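Chemist: sequence plus experimental coordinates follow:
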Amino acid sequence: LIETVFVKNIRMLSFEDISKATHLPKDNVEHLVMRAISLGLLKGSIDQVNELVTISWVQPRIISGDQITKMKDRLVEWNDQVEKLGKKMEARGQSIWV
Amino acid sequence: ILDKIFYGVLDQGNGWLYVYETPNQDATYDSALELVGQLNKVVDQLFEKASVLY
Amino acid sequence: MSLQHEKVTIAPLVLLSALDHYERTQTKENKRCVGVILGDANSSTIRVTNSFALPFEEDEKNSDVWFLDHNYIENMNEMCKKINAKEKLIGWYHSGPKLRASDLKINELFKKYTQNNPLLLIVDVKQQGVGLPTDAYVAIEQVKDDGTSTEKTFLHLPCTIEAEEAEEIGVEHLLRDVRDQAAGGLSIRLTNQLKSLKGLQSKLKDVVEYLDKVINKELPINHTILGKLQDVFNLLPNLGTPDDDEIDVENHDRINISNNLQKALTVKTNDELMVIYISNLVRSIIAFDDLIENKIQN
Amino acid sequence: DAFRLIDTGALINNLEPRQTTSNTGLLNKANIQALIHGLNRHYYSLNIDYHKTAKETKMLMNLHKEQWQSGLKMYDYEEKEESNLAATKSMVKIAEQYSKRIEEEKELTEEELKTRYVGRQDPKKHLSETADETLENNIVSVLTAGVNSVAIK
């Protein structure tokens, strides 16, 4: 449950998604996830109407060679964004900064 | 509801009572109406003043 | 020792001393100047008041080989106590820029003198990094995991400058610059918004290449870094959230308020239009009357 | 100020003119009587200059990178509303005296008008000042709010 949510970019999982991840029925999943909140495994909110569990915290888990790559990929996305912004705002206001 | 201590809505066409305890919208827009209010009179005044040119 | 070290404030005076001293001892070709730092300590703010060079030699052939003069440290203590008694011996500055492992070894001699963990004040003399002309680091001793021996290592602390009153007031007469940041008018902070984005972008790229270097060039994995990056993904706003919708409402209000302020300025500028005209109208008459009266008189 | 001994001898032997050649001289008029007599009859004053290298200037000039890191941090946003709100109210109270001021104000002689319609402590000036402060500020506030949001995600 803790491994699956991390690796996907989304940090919300449907009870539908979890049911396939854990390869157990959605009836059992609702009971399991409640306990995750009690332990402090994951902390978050349970909505049965939107069929979601929204985490707001991912508890420290030891990172490994593979996982380093996934992080690298997310930060790539981030670096390209800052650059796009900065080029944009240089052209704009060029005449008068000072 | 008219008095106003719970301000909600009654359904005749069904039979529910919805409760809203939502007090009040923006002070910001309200005080902005006052500033505009003053300004309308002020410009006409100035114009009165500015008629020595005519 | 005391763990109180939170901030290190550094007078503009210490910096001036260290530069001067570096160049009057004519320590060059990455010959290190090592000098003493005096001030208060065992406080949350360490107030770094002054520095004086100590005699020092560093050999490029092998870095283990250096001299430092013990007696000079001693001589200075009774002199400095008389001059201003709030001063205490607190450690040593290094010319830097490089962070050496010869500094573990130098710290151990200063550790004899000092009542605190020896404060290492890396005052960069070349001033390449414009921002951060100072790094502060305190010697700690901590249990290194993986079944490895206890290590003595350098943990960064805020070296950020605050300045004393007496120093600051003269400095302000000298300058009149808009500096790295003054937060002055609109013009000044508008520059700042571009520069500050660019600060972040620089910072950010380095973190990207650090991760390549773990898996290409085999740096020993510094797990601390990885811990911080987890906190960045996790406490990262998520888009599609109805919080974003709220944000847009706040934006709508302020952009409107700008519009109403813009109009009020129109009323001010419009008043000036009329008053200047009034003045012109009287003056036309003043000048006409000069001409007729010059004719009559003649 | 800086000083250097001029002998008693110089004063007698009229050697003071030799002493002030190639100089512009500096007089400190303030503080007289005695004090000044002694000063004139003892030393000679000359200008004081401050020399510094530009490596020093750059140090003096320097701040930090956490200077701009702070400049990307944002306040709580309710407090920002407070300021926008307040300004509008602020300006209402001074717009009445400004409104009053320009009702007539055509009467001959400027000096009289300054007392009559309160042209001292000028309401026109004071209105433009408040508007303009709040305005530059709210352009920085909307800008910063947007920059952070787009940057991060």
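Modeler: That came through fine. Numbering: from 1, shown residues only, chains lettered A, B, ... in the order given.
Chemist: show me where chain A has strands.
Modeler: For chain A, the strands defined by DSSP state E cover A:12-14, A:42-47, A:52-58.
Chemist: so what touches the first one?
Modeler: The one in question is strand A:12-14. A:4, A:5, A:21, A:51, A:52, A:53, A:54, A:55, C:238 (CB atoms under 8 Å, 6 or more residues apart in numbering or on different chains). From N, CA and C alone the C-beta is placed, and that goes for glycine too.
Chemist: contacting residues for the first one?
Modeler: By CB under 8 Å, 6+ apart, the contact set of residue A:4 is A:13, A:18, A:21.
Chemist: repeat that for 10 Å
Modeler: By CB atoms under 10 Å, 6 or more residues apart in numbering or on different chains, the residues touching residue A:4 are A:13, A:17, A:18, A:20, A:21, A:22.
Chemist: and which of the residues you listed is nearest to chain B?
Modeler: Nearest to chain B out of the contacts of residue A:4 is residue A:13 (CB to the nearest CB; 32.7 Å).
Chemist: pipe the strands of chain A into TSV and attach distance to residue C:138 and mean neighbour count per row.
Modeler: Below are the strands of chain A laid out as TSV (distance: least, CB to CB, whole Å; neighbours: other CB atoms under 10 Å in any protein chain shown):
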stretch	distance to residue C:138	mean neighbour count
strand A:12-14	42	19
strand A:42-47	35	14
strand A:52-58	32	18
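Chemist: which one of these lies closest to residue A:36?
Modeler: Closest approach to residue A:36 among those is made by strand A:42-47 (4.7 Å; CB to CB).
Chemist: ok, residues contacting that closest one?
Modeler: A:1-2, A:5, A:11-13, A:15, A:30, A:33-34, A:36-37, A:52-59.
Chemist: just stretch A:62-76 next, same as before
Modeler: With CB under 10 Å, 6+ apart, stretch A:62-76 has contacts from A:3, A:6-9, A:61, C:204-205, C:207-212, C:214-215, C:221, C:223, C:225-227, C:229-230, C:232-233, C:236.
Chemist: related to what we said a few turns ago, which of the contacts of residue A:4 has the most neighbours?
Modeler: Top of the contacts of residue A:4 by neighbour number is residue A:13, holding 22 neighbours under the definition other CB atoms under 10 Å in any protein chain shown.
Chemist: mind checking how far that residue is from residue A:44?
Modeler: 10 Å (CB to CB, to the nearest Å).
Chemist: tally of neighbours for residue C:230?
Modeler: Quick note: residue C:230 (other CB under 10 Å) scores 17 neighbours.
Chemist: go ahead and confirm it touches residue A:6.
Modeler: Yes. With contact defined as CB atoms under 10 Å, residue C:230 and residue A:6 form a contacting pair (8.8 Å).
Chemist: need the overlap of contacts for these two.
Modeler: A:58, A:59, A:61, A:63, A:67.
Chemist: can you tell me the closest non-neighbouring residue to residue 30?
Modeler: Going with chain A. Closest residue to residue A:30 apart from its sequence neighbours, by CB to CB, 6 or more residues apart in numbering or on different chains: residue A:15 at 6.2 Å.
Chemist: looking at chain C here, not the other one
Modeler: That would be residue C:60: by CB to CB, 6+ apart, it lies 7.0 Å from residue C:30.
Chemist: any idea how many residues pack against that neighbour?
Modeler: Look at residue C:60: counted by other CB under 10 Å, it has 9 neighbours.
Chemist: now swap in the one 4 residues further on and tell me
Modeler: A total of 8 residues lie near residue C:64 under the criterion other CB under 10 Å.
Chemist: same check, this time on residue C:98
Modeler: 12.
Chemist: hang on, it packs against residue C:58?
Modeler: No. In this structure residue C:98 lies outside contact range of residue C:58 using CB under 10 Å: 11.8 Å.
Chemist: shared neighbours, those two?
Modeler: Shared contacts of residue C:98 and residue C:58, defined by CB under 10 Å, 6+ apart, are found at C:30, C:32.
Chemist: residue C:9 should be in a strand, yeah?
Modeler: Yes. Using DSSP: H, G, I helix; E, B strand; the rest coil, the secondary structure at residue C:9 is a strand.
Chemist: so the closest residue to it other than its chain neighbours: helix, strand or coil?
Modeler: Spatial nearest neighbour of residue C:9, excluding adjacent residues (CB to CB, 6+ apart): residue C:162 at 3.9 Å. Counting by three-state DSSP, the backbone at residue C:162 sits in coil.
Chemist: would you confirm that residue C:162 contacts residue C:134?
Modeler: No. Residue C:162 lies out of contact with residue C:134 (CB under 10 Å); the separation is 11.8 Å.
Chemist: between these two, what contacts are shared?
Modeler: With contacts taken as CB under 10 Å, 6+ apart, residue C:162 and residue C:134 have C:8, C:10, C:48 as neighbours in common.
Chemist: my read: the first one touches residue C:122, true?
Modeler: Read that as residue C:8. No. Using CB under 10 Å as the test, residue C:8 is too far from residue C:122 to be in contact (11.1 Å).
Chemist: more neighbours: those two, which one.
Modeler: Using other CB under 10 Å as the criterion, residue C:8 and residue C:122 rank with residue C:8 on top: 27 against 21.
Chemist: helix or strand for the closest residue to the more buried one other than its chain neighbours, which one?
Modeler: Computed as CB to CB, 6+ apart, the closest residue to residue C:8 that is not its neighbour in sequence is residue C:136, at 4.3 Å. If you go by DSSP states H and E, residue C:136 is part of strand C:134-142.
Chemist: show me which residues of that strand are buried.
Modeler: C:134, C:135, C:136, C:137, C:138, C:139 (16 or more other CB atoms under 10 Å in any protein chain shown).
Chemist: contacts only, for the fifth one.
Modeler: When you say that, I think you mean residue C:138. Residues in contact with residue C:138, defined by CB under 10 Å, 6+ apart, are C:1-3, C:5, C:8, C:46, C:91, C:107, C:116-120, C:154-157.
Chemist: between the shared contacts of residue C:230 and residue A:6, which sits nearest residue D:129?
Modeler: residue A:58 (50.9 Å).
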